[PDB]
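S.K.: Enclosed is the structure file structure_8.tsv (TSV, C-alpha atoms and all ligand atoms).
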```
chain	number	residue	atom	x	y	z
C	1	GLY	CA	-55.06	-17.03	31.39
C	2	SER	CA	-58.20	-19.16	31.19
C	3	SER	CA	-57.77	-20.69	34.64
C	4	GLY	CA	-57.64	-18.58	37.79
C	5	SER	CA	-59.73	-17.52	40.78
C	6	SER	CA	-60.76	-14.04	41.90
C	7	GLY	CA	-61.32	-12.64	45.38
C	8	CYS	CA	-61.52	-9.42	47.38
C	9	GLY	CA	-58.86	-9.27	50.08
C	10	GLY	CA	-61.02	-6.71	51.84
C	11	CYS	CA	-64.44	-8.31	52.14
C	12	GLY	CA	-63.69	-11.62	50.45
C	13	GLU	CA	-66.29	-11.77	47.69
C	14	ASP	CA	-65.03	-12.23	44.13
C	15	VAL	CA	-64.10	-9.09	42.20
C	16	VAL	CA	-65.82	-8.94	38.81
C	17	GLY	CA	-67.77	-6.27	36.95
C	18	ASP	CA	-67.06	-6.40	33.22
C	19	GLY	CA	-63.59	-4.99	33.79
C	20	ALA	CA	-63.52	-3.87	37.41
C	21	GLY	CA	-61.08	-4.51	40.24
C	22	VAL	CA	-58.26	-2.79	42.12
C	23	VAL	CA	-54.98	-4.72	42.26
C	24	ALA	CA	-52.63	-3.72	45.08
C	25	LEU	CA	-49.98	-5.56	47.09
C	26	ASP	CA	-50.35	-8.66	44.92
C	27	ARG	CA	-54.02	-8.73	45.91
C	28	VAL	CA	-57.46	-7.68	44.66
C	29	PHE	CA	-59.80	-5.20	46.35
C	30	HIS	CA	-63.08	-3.52	45.44
C	31	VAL	CA	-62.93	0.13	44.36
C	32	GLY	CA	-64.88	0.76	47.55
C	33	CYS	CA	-63.10	-1.59	49.94
C	34	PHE	CA	-59.65	-0.38	48.89
C	35	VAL	CA	-59.18	2.61	51.19
C	36	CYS	CA	-56.76	4.20	53.66
C	37	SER	CA	-56.20	2.72	57.12
C	38	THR	CA	-56.23	6.04	58.96
C	39	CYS	CA	-58.66	8.39	57.21
C	40	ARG	CA	-60.16	5.49	55.26
C	41	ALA	CA	-60.28	7.59	52.09
C	42	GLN	CA	-61.30	6.18	48.71
C	43	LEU	CA	-58.08	4.96	47.08
C	44	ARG	CA	-59.90	3.34	44.16
C	45	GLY	CA	-57.66	5.43	41.93
C	46	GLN	CA	-54.98	7.63	43.49
C	47	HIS	CA	-51.46	7.78	44.92
C	48	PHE	CA	-51.10	5.77	48.13
C	49	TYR	CA	-48.43	4.08	50.25
C	50	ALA	CA	-47.84	0.61	51.70
C	51	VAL	CA	-46.81	0.11	55.33
C	52	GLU	CA	-47.35	-3.01	57.42
C	53	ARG	CA	-49.57	-4.52	54.72
C	54	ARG	CA	-51.76	-1.42	54.83
C	55	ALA	CA	-52.74	1.49	52.58
C	56	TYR	CA	-51.93	5.10	53.45
C	57	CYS	CA	-52.92	8.00	51.19
C	58	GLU	CA	-50.13	10.44	50.32
C	59	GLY	CA	-51.77	12.90	52.70
C	60	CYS	CA	-51.74	10.54	55.67
C	61	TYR	CA	-48.34	9.04	54.90
C	62	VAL	CA	-47.04	12.59	55.28
C	63	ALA	CA	-49.12	13.28	58.39
C	64	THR	CA	-47.87	10.17	60.18
C	65	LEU	CA	-44.30	11.45	59.86
C	66	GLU	CA	-45.10	14.57	61.88
C	67	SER	CA	-45.51	12.23	64.86
C	68	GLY	CA	-41.73	12.00	65.04
C	69	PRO	CA	-38.59	11.78	62.87
C	70	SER	CA	-36.99	9.07	65.00
C	71	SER	CA	-37.59	5.44	64.05
C	72	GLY	CA	-38.03	6.49	60.43
H	101	ZN	ZN	-64.64	-5.86	48.65
H	102	ZN	ZN	-55.32	8.48	54.80
```
What do you get writing this file as structure tokens?
M.R.:
Amino acid sequence: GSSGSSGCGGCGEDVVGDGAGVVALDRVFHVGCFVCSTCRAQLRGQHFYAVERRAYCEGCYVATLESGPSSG
């Protein structure tokens, strides 16, 4: 509501732009900051995954598997 504090988990600065901000993993990141951990692709608005408190784009998430079926 009225009270509350903002913040960008990525850089740290507050996230505000007249209706701007990417919420993921119970956190807030800037459209730019919010990106993959492998290819570091712009995930501002797309399908991604969550592994080890990280962000992996569908593409990567699928690529990582190739590595090996064992251990998930
Ligand atoms: Zn940021
Ligand atoms: Zn990726």
S.K.: Give me, as a PyMOL selection string, all polymer residues having an atom no more than 10 Å from residue 51 in chain C, counting all atoms listed in the file and skipping those fewer than 3 positions away in the same chain.
M.R.: chain C and resi 37+54-56+61
S.K.: Produce as a ChimeraX atom specification the set of residues near ligand ZN 101 (chain H), where near means within 7 Å with all atoms listed in the file considered.
M.R.: /C:8-13,29-30,32-33
S.K.: For chain C versus ligand ZN 102 (chain H), which residues have an atom no more than 10 Å away, and what is each residue's nearest atom pair and distance in Å rounded to one decimal, using all atoms listed in the file, chain-then-number order, as CSV?
M.R.:
```
residue,atom,partner,partner_atom,distance
C:35,CA,H:ZN102,ZN,7.9
C:36,CA,H:ZN102,ZN,4.7
C:37,CA,H:ZN102,ZN,6.3
C:38,CA,H:ZN102,ZN,4.9
C:39,CA,H:ZN102,ZN,4.1
C:40,CA,H:ZN102,ZN,5.7
C:41,CA,H:ZN102,ZN,5.7
C:42,CA,H:ZN102,ZN,8.8
C:43,CA,H:ZN102,ZN,8.9
C:48,CA,H:ZN102,ZN,8.3
C:49,CA,H:ZN102,ZN,9.4
C:55,CA,H:ZN102,ZN,7.8
C:56,CA,H:ZN102,ZN,5.0
C:57,CA,H:ZN102,ZN,4.4
C:58,CA,H:ZN102,ZN,7.1
C:59,CA,H:ZN102,ZN,6.0
C:60,CA,H:ZN102,ZN,4.2
C:61,CA,H:ZN102,ZN,7.0
C:62,CA,H:ZN102,ZN,9.3
C:63,CA,H:ZN102,ZN,8.6
C:64,CA,H:ZN102,ZN,9.3
```
S.K.: Using all atoms listed in the file, which residue out of C:24, C:14, C:7, C:2 lies closest to residue 47 in chain C?
M.R.: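 Checking each of C:24, C:14, C:7, C:2 against residue 47 in chain C, counting all atoms listed in the file, the winner is C:24.
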S.K.: Work out how far apart CA of residue 46 in chain C and CA of residue 6 in chain C are and give it in Å to one decimal.
M.R.: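 Interatomic distance, CA of residue 46 in chain C to CA of residue 6 in chain C: 22.5 Å.
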S.K.: To one decimal in Å, tell me the separation between CA of residue 5 in chain C and CA of residue 25 in chain C.
M.R.: 16.7 Å
S.K.: Supply range 4-20 of chain C as a short mmCIF file (atom, residue, chain, number, x, y, z; two decimals), in the coordinates of the input, with N, CA and C atoms built in where the input has gaps.
M.R.:
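After the write, rebuild28.cif holds the following:
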```cif
data_model
loop_
_atom_site.label_atom_id
_atom_site.label_comp_id
_atom_site.auth_asym_id
_atom_site.auth_seq_id
_atom_site.Cartn_x
_atom_site.Cartn_y
_atom_site.Cartn_z
N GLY C 4 -57.87 -19.64 36.83
CA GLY C 4 -57.64 -18.58 37.79
C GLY C 4 -58.86 -18.29 38.64
N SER C 5 -58.64 -17.84 39.87
CA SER C 5 -59.73 -17.52 40.78
C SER C 5 -59.61 -16.10 41.31
N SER C 6 -60.74 -15.41 41.41
CA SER C 6 -60.76 -14.04 41.90
C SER C 6 -61.11 -13.99 43.38
N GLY C 7 -61.01 -12.80 43.97
CA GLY C 7 -61.32 -12.64 45.38
C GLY C 7 -60.94 -11.27 45.91
N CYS C 8 -61.77 -10.74 46.80
CA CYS C 8 -61.52 -9.42 47.38
C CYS C 8 -60.86 -9.55 48.75
N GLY C 9 -59.58 -9.19 48.82
CA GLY C 9 -58.86 -9.27 50.08
C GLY C 9 -59.56 -8.53 51.20
N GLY C 10 -60.30 -7.48 50.85
CA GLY C 10 -61.02 -6.71 51.84
C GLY C 10 -62.18 -7.46 52.45
N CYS C 11 -63.26 -7.60 51.68
CA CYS C 11 -64.44 -8.31 52.14
C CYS C 11 -64.29 -9.81 51.95
N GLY C 12 -63.87 -10.21 50.75
CA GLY C 12 -63.69 -11.62 50.45
C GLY C 12 -64.37 -12.03 49.16
N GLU C 13 -65.54 -11.46 48.90
CA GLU C 13 -66.29 -11.77 47.69
C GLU C 13 -65.42 -11.60 46.45
N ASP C 14 -65.78 -12.31 45.38
CA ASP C 14 -65.03 -12.23 44.13
C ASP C 14 -65.17 -10.85 43.50
N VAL C 15 -64.10 -10.40 42.85
CA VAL C 15 -64.10 -9.09 42.20
C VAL C 15 -64.31 -9.23 40.69
N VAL C 16 -65.50 -8.86 40.22
CA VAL C 16 -65.82 -8.94 38.81
C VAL C 16 -66.95 -7.98 38.45
N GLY C 17 -66.75 -7.21 37.38
CA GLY C 17 -67.77 -6.27 36.95
C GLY C 17 -67.55 -5.79 35.53
N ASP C 18 -67.29 -6.73 34.62
CA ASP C 18 -67.06 -6.40 33.22
C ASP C 18 -65.84 -5.50 33.07
N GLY C 19 -64.80 -5.78 33.85
CA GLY C 19 -63.59 -4.99 33.79
C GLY C 19 -63.43 -4.08 34.99
N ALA C 20 -63.65 -4.63 36.18
CA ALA C 20 -63.52 -3.87 37.41
C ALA C 20 -62.70 -4.62 38.45
#
```
